[PDB]
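Q: Handing you a structure now.
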Amino acid sequence: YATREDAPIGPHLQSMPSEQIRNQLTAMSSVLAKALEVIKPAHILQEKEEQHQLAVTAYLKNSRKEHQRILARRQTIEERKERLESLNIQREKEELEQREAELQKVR
Amino acid sequence: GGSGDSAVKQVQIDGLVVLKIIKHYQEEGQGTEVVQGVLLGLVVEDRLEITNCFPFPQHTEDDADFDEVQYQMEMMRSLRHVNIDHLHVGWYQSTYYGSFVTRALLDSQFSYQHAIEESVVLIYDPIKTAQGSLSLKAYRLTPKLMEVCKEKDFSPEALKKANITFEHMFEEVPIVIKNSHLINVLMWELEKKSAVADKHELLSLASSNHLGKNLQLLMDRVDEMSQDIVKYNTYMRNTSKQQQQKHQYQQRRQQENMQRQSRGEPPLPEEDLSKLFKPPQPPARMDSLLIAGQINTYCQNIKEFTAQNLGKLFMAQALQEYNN
Amino acid sequence: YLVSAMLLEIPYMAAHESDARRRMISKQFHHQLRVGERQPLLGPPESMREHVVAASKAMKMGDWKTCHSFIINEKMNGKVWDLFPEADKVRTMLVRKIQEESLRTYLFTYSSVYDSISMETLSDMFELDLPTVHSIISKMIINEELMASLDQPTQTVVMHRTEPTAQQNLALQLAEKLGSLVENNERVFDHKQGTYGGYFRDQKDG
Amino acid sequence: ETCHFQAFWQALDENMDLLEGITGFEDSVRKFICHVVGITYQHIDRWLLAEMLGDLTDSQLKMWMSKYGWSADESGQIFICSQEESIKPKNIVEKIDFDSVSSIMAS
Amino acid sequence: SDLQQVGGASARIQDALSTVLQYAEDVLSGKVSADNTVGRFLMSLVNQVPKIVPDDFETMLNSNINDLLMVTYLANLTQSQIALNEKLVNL
Amino acid sequence: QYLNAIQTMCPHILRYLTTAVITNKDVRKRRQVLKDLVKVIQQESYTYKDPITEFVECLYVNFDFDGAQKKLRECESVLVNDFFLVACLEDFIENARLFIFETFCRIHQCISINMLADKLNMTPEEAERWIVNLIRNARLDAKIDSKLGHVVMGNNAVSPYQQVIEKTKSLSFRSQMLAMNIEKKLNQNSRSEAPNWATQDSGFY
Amino acid sequence: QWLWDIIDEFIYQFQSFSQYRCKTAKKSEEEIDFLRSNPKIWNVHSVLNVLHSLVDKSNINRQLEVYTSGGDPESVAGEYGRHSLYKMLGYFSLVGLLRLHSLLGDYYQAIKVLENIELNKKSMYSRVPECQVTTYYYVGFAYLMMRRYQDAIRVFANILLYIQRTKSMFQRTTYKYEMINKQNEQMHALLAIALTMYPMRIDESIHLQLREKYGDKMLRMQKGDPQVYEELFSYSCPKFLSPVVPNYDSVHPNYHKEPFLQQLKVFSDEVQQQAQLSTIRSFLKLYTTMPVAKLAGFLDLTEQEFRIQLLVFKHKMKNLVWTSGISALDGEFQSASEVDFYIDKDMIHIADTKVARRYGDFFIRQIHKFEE
């Protein structure tokens, strides 16, 4: 199987390919084609997902408590991160002056 | 402490960053490597956390041309006003052909890293590498080269900094293993958009099917790697050829000329004897291949190790699946 | 000169399109072809050089009938062929040589697509005698130029599906380049081991 | 060693009482004749198997016939082995070495 | 590898559900649910993955793996020679 | 010097040279020498032609087997009427038939035994025995299908892998010698860093 | 005199140490423990074992092949020199295998071989490549003597490959580096003659520099010349036995060629009819089931009139190299044509190539250690 048959970089006709087997065909088919059967009909899936829903509700429920603390904490991070991290990169670039005028004093 | 060397910790790239990267996914810089944005973050527990990026666009008609920094200055104020500050601690070029750290990307990085040593340089690699392994490639520059700072010139400080022998297989940090703590909202959307509105979930997941079947993925990978890598291989070989000839093959002839002189004339010079060895440009160890080229040997081994793997998986699945 | 270069270089360029070591036979033909390929607008040929370049493009596609019409037109006849004391003998010889070498460029370019070919359809397509066609194909097989076997009862040429893929060709070209890099590393190793060679060869062979 | 069994029993001198004096030797060599018959014949003729074992009679051959379960066939050879059971090829079948090769190529 | 090991998991949760769809008929009556709904899904599924079942398929499938493996092998051969030229220059 | 004398003054001596090569008893010498003989015959084909030289030209230049067989019948008349070659007739015809056949078997994958019997002027059963002897002597990988009356030549397609192995066999040996030489050079450098102090202490007992 | 000043001073120093060997290994823990501590190399302790394997064998081979009567050499060494060292409790290290494979070597030159069984059983300690390549050396030779040509030819392949991940480095094959090359070359060449229309494994074992010459040797041997019977057997003899030193060649002493009558003529009988087995198989088996056309075609090829074509044909099918059947009513000869396998080299190389990557990546990271 090669793209010699297929015309390698452009059809000129209606798409009607027959089925052929190429690398990761039977792999990714068996992943998703079997998945869909358990998604579309199922009496086993939707209950599990309704309890996954319940673990998802729980995480937003845990979250809204943490959000109220992050409303205090990340507020104190955000405002200070404008000052402190700027002051740090100030000293990174201001060091090039300290490199220069100090070395001038040597000689 | 997984923290990095001598000014910085690791990196953590929050999901809302990578969403904004895949918005300027692989266009606006397809066949041209374009710096698609700066990574703005903050120092967190054992890591940086890139919490937001803003993209940096350029004049991308079919070539890239650098523009006024009126964009970046106004846009980093635009971030500062509603959100944090200009806190550019890295950058991401996605961009062009599965993860590769070019000599230009090493030089742009060297200017970036020496200026702000709180940095990594990201290479966001989507489906182009056959996805594939190491989708987020981080990489910061060795602080050794930020101590034998500028410049690696062709004869002096190529040889001398080759002899110092700073890393060029240098370590790359892990990026995620933890709760980022902005999991929160996007967690709540999962239950909605699975089962009872799994349209857009299943749409994304069934992308896999057509990653296998159709036109020449691994084939084209191995094709582009048949060309990319043989180019680089030939280059080192003819580079090494000429330099090794100036190193030994020229010494061979001129020292056999030094024979003829008899290595001394007492009454007067020894002009000829003196004017043997007069410098050709490499005396030893052309550095920019030895360092920066070798960073791409590593990346070419990575591309090979990537393109191999998904092949290995099929070679299990194919045999086995039919075996029933 | 350019027609003699065309008939030698195009079969060679078709067979060796995949090889990294392109040995150019004619530097002047390769210059003229690169000048014609650099014109953004290629009109119908008027110059004797444009006619041979247009014929060289047709001959790489294996179409001998457009090659013939670019080499044997009224303009090239009165300018080149009617200057011979025996114009029609050189015409018939040149038609036959265009047919004989275009059959070879066609086989080199399209071998990859054919599983079997009859010598009857090659005789009809190229207007060549069956013993000549058989002798050319037999000689390409003996030279290892064509990966094919000849079935004597059916007069068919059966191709061997051993042609390297573009990825296998890049691997073969990389193996040749790695062999050349080893050959040059060995040369450099000998030049290093030779030392520094100056102090250890002066005490064995009076 | 060269398995010239016809020549072996011709070659024998019968006046050397030492060769009579080894107990079970006369049958042992016969058992080695029939041993190699089983490995490299699918059939053998009744007169042929006799001659290899020293020109046996009809009744003497009944022992050797019964020994490995061998029995007569139509017109008129002695069966030795089934055709597919003798040959035992172990030729071309490999390239099934996937499991080990992927276990080493795992990382 | 995560897409691999949730691969056969789909086939395992499929084995759960196809049991329940069979078992619906086994107990009392049911399996309308797979009479010609999932019965048509599964015929399509086996017309995709694997393909049809001669042994010419199996040998061609093997020959494709022998090619893919020879290519995956050649990728490690090239890693080895990416090394060897990188190494003599460093010497 | 003698080859130049033949090509310049006496091209008719190529008859005797060709006959001496074809009638040579050593099959290895015969196959090696034939390649150089064909070049000389092809160079002189404009000055000298006879059935014996044209037989070699038809077989090894033109690959015309029907021309070569016709020329072989004409060679019988030339050999019988030549004073020097009359004693070589039988040896020549037998070895010439072996050459036509060996060349035919290298080009053709399927050969009819009946066409061979007609070309050899033999019965089909004698032609089959003659082919078996030729396959044994030439070490050709061939299967005779006596039911279909065909000889099928084995495809000696040298695998692309085997051509790569032959080209890389010298590279693997050079790489292994280079590795051993690097390793010897590294082990000689590491032994030179061993400090000389450790040899002093054994003097006390 | 300088000759036997060196020879006698080896044996007398070995007979000295033989008592120390027996004394330390068995019972004196503290003396062994004291020896573990002081040097930086326990390599000095271990080398002296199999150093004296090949040096003692040289010195005893001299005394053997000079005194051919009233035998002093062979019963002294056999009783005391060998069995005292080996039969009793091993020293705790690789020395237990060293004294084993020293004894295996001593046991090899003597043509009494049947306890190769229990020597393998007493090789309880792990097979280090050092000990393993030298095990397969003799164990392959044991299979070569067992007329297990198909088994032994594989065993010779691996030990000649030079990707058994040898590195040596510090003189553990010293002064006989190319003996391992030429003996494995030579003994493999004999096995190829006997069977081969099977491997298709000779590509791995021997390189093309030697495959070309040894290839044509087998053909020239079996088909058309008994010349190769001579030159093969010339090279095969010093390598088959391994007589470490031939004594000084002079006509004034005899003394040496008399043992070489036996030693050589013992191996004459080996290659004699085992070679003549080859020519039978040499003619390729063109049509797998032979009718009257091919059976008579092969009986014209076996031998001519009259007397005794069929007999000789049916003698030679027996040996090992044919599997076939006769039919009476048909008059038909049906036979077995078996073949080996194409590519077994690639999947064995997939790790070997990765060792070229590995020790590549490693050795330069030892240079990257130093010049950093």
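Q: What tally of residues in the range B:171-181 results from selecting those that are among the hydrophobic types (A, V, I, L, M, F, W, C) and buried (at least 16 other Cβ atoms within 10 Å of the Cβ)?
A: So the answer is 2.
Q: Is it the case that F:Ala20 is buried (at least 19 other Cβ atoms within 10 Å of the Cβ) and among the small types (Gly, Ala, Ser)?
A: No: the conditions fail for F:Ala20.
Residue-by-condition table, conditions (1) surrounded by fewer than 21 Cβ atoms within 10 Å (Cβ to Cβ); (2) more than 14 Å from every other protein chain (Cβ to nearest Cβ); (3) in contact with a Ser or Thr (Cβ under 9 Å, 6 or more places away or on another chain):
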| site | (1), (2), (3) |
| --- | --- |
| B:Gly4 | no, yes, no |
| B:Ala7 | yes, no, yes |
| B:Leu19 | yes, yes, no |
| B:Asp62 | yes, yes, yes |
| B:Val69 | yes, yes, no |
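Q: Related question: For the range D:53-60, indicate whether the set of residues that are part of a loop (DSSP other than H, G, I, E, B), under 16 Å from the mean Cα position of the chain (by Cα) and within 9 Å of chain G (Cβ to nearest Cβ) is non-empty.
A: No; the residues of the range D:53-60 include none that is part of a loop (DSSP other than H, G, I, E, B), under 16 Å from the mean Cα position of the chain (by Cα) and within 9 Å of chain G (Cβ to nearest Cβ).
Q: Moving on. Looking at the range C:68-115 only, could you name the residues that are within 22 Å of the chain's Cα centre (by Cα), in a helix (DSSP H, G or I) and farther than 20 Å from C:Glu9 by Cβ?
A: If the condition is that a residue be within 22 Å of the chain's Cα centre (by Cα), in a helix (DSSP H, G or I) and farther than 20 Å from C:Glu9 by Cβ, then C:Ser69, C:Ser112, C:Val113 are the ones that fit.
Q: What are the residue pairs meeting all of these: first residue in the range G:169-190, first residue surrounded by 15 or more Cβ atoms within 10 Å (Cβ to Cβ), second residue small (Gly, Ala, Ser), Cβ atoms under 7 Å, and 6 or more apart or on different chains?
A: G:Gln186/G:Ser236; G:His188/G:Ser205; G:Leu190/G:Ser236
Q: Going by the conditions given, is B:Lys160 away from chain A (no Cβ under 14 Å) and either over 30 Å from B:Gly1 (Cβ atoms) or out of contact with any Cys (no Cβ under 7 Å at 6 or more places or on another chain) (or both)?
A: Judged against the criteria, B:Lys160 is a match.
Q: Something else now. Starting from residues that are surrounded by 17 or more Cβ atoms within 10 Å (Cβ to Cβ) and in contact with a helix residue (DSSP H, G or I) (Cβ under 7 Å, 6 or more places away or on another chain), keep the ones in the range G:315-333 and report whichever is farthest from the other protein chains (Cβ to nearest Cβ).
A: For the range G:315-333, the residue satisfying everything is G:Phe333.
Q: From the list D:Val29, D:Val37, which one is at the interface with chain G (Cβ under 9 Å from one of its Cβ atoms), within 23 Å of G:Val321 (Cα to Cα), out of contact with any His (no Cβ under 8 Å at 6 or more places or on another chain) and not in a strand (DSSP E or B)?
A: Going through D:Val29, D:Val37 in turn, the sole match is D:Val37.
Q: Now, a different point. How many residues, within the range A:1-36, are under 15 Å from B:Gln317 (Cβ atoms) and either assigned to a loop (DSSP other than H, G, I, E, B) or of a type in the set (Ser, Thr, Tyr) (or both)?
A: Matching residues across the range A:1-36 total 7.
Q: OK, next. Please find, within the range A:1-23, the residue that is nearest to the other protein chains (Cβ to nearest Cβ) out of those that are of a type in the set (S, T, N, Q) and within 20 Å of E:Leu42 (Cα to Cα).
A: A:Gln20
Q: Could you list, in sequence order, the residues of the range E:25-63 that are more than 23 Å from A:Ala2 (Cβ to Cβ) and facing another protein chain (nearest Cβ under 9 Å)?
A: Correct list: E:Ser33, E:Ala34, E:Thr37, E:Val38, E:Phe41, E:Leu42, E:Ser44, E:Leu45, E:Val53.
Q: Among the residues of the range G:85-125, count how many are aromatic (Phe, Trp, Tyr) and either closer than 18 Å to G:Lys57 by Cβ or not in a loop (DSSP other than H, G, I, E, B) (or both).
A: Qualifying residue count, the range G:85-125: 3.
Yes/no matrix, rows are residues, columns are (1) within 24 Å of G:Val271 (Cα to Cα); (2) among the aliphatic types (A, V, I, L, M); (3) within 11 Å of another protein chain (Cβ to nearest Cβ):
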| site | (1), (2), (3) |
| --- | --- |
| G:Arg172 | no, no, no |
| G:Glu178 | no, no, no |
| G:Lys182 | yes, no, no |
| G:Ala194 | yes, yes, no |
| G:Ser205 | yes, no, no |
| G:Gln209 | no, no, yes |
| G:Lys213 | yes, no, no |
| G:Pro226 | yes, no, no |
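Q: Go through the range E:22-53 residue by residue and tally those that are assigned to a helix (DSSP H, G or I) and either more than 18 Å from A:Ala35 (Cα to Cα) or not small (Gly, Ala, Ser) (or both).
A: Result for the range E:22-53: 15.
Q: Pull out all pairs, ordered by first then second residue, where Cβ-Cβ is under 8 Å, the residues are six or more apart or on different chains, the first lies in the range E:71-91 and is facing chain G (nearest Cβ under 7 Å), and the second is not in a helix (DSSP H, G or I).
A: Taking only residues 6 or more apart or on different chains, the pairs are E:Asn76/D:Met105.
Q: Of the residues in the range F:140-170, how many are facing chain G (nearest Cβ under 8 Å), closer than 22 Å to C:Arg161 by Cα and outside any loop (DSSP other than H, G, I, E, B)?
A: 4
Q: Look at C:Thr121 and say whether it is more than 8 Å from every other protein chain (Cβ to nearest Cβ), surrounded by 13 or more Cβ atoms within 10 Å (Cβ to Cβ), over 30 Å from B:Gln254 (Cα atoms) and of a type in the set (S, T, N, Q).
A: So C:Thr121 does not fit the description; no.
Q: Inspect the range F:125-138 for any residue being within 23 Å of the chain's Cα centre (by Cα), closer than 30 Å to C:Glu186 by Cα and either surrounded by 13 or more Cβ atoms within 10 Å (Cβ to Cβ) or more than 7 Å from every other protein chain (Cβ to nearest Cβ) (or both) and give the result as yes or no.
A: There is no residue in the range F:125-138 that is within 23 Å of the chain's Cα centre (by Cα), closer than 30 Å to C:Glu186 by Cα and either surrounded by 13 or more Cβ atoms within 10 Å (Cβ to Cβ) or more than 7 Å from every other protein chain (Cβ to nearest Cβ) (or both).
Q: Can you name the condition, by its number, that G:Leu98 falls short on among (1) in contact with a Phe, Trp or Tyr (Cβ under 9 Å, 6 or more places away or on another chain); (2) surrounded by fewer than 18 Cβ atoms within 10 Å (Cβ to Cβ); (3) not hydroxyl-bearing (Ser, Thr, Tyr)?
A: (2)
Q: Another question about this same structure. Among the candidates B:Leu122, B:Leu141, which residue alone is away from chain A (no Cβ under 12 Å), surrounded by 17 or more Cβ atoms within 10 Å (Cβ to Cβ), assigned to a loop (DSSP other than H, G, I, E, B) and under 22 Å from the mean Cα position of the chain (by Cα)?
A: One residue alone meets the criteria, B:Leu141.
Q: Something else about it: Say we look at the range B:282-321 and pick out the residues that are among the basic types (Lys, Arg) and more than 7 Å from every other protein chain (Cβ to nearest Cβ); which of these is farthest from B:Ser226 (Cα to Cα)?
A: B:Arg285
Q: Specify the residue that is nearest to the chain's Cα centre (by Cα); the eligible residues are those in the range A:58-107 that are within 12 Å of chain B (Cβ to nearest Cβ) and of a type in the set (A, V, I, L, M).
A: Looking at residues that are within 12 Å of chain B (Cβ to nearest Cβ) and of a type in the set (A, V, I, L, M), I get A:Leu60.
Q: Would you call F:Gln188 within 30 Å of C:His160 (Cβ to Cβ) and within 50 Å of the chain's Cα centre (by Cα)?
A: no
Q: Next question. Tell me which residues, restricted to the range F:8-33, are in a helix (DSSP H, G or I) and touching a helix residue (DSSP H, G or I) at 6+ places or on another chain (Cβ under 6 Å).
A: F:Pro11, F:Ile13, F:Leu14, F:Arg15, F:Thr18, F:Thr19, F:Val21, F:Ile22, F:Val33
Q: As an exercise: evaluate C:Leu146 against (1) facing another protein chain (nearest Cβ under 10 Å); (2) within 23 Å of F:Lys35 (Cα to Cα) and give the number of the one condition it does not meet.
A: The failed condition is (1).
Q: Can you say whether A:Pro41 is more than 19 Å from B:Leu310 (Cβ to Cβ), more than 10 Å from chain B (Cβ to nearest Cβ) and either out of contact with any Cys (no Cβ under 9 Å at 6 or more places or on another chain) or in a loop (DSSP other than H, G, I, E, B) (or both), as far as the supplied structure shows?
A: The answer is yes for A:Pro41.
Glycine gets a Cβ as well: all are built from the backbone with ideal geometry, and neighbour counts include every protein chain shown. Rule-based calculations on the coordinates, nothing more; no lab input.
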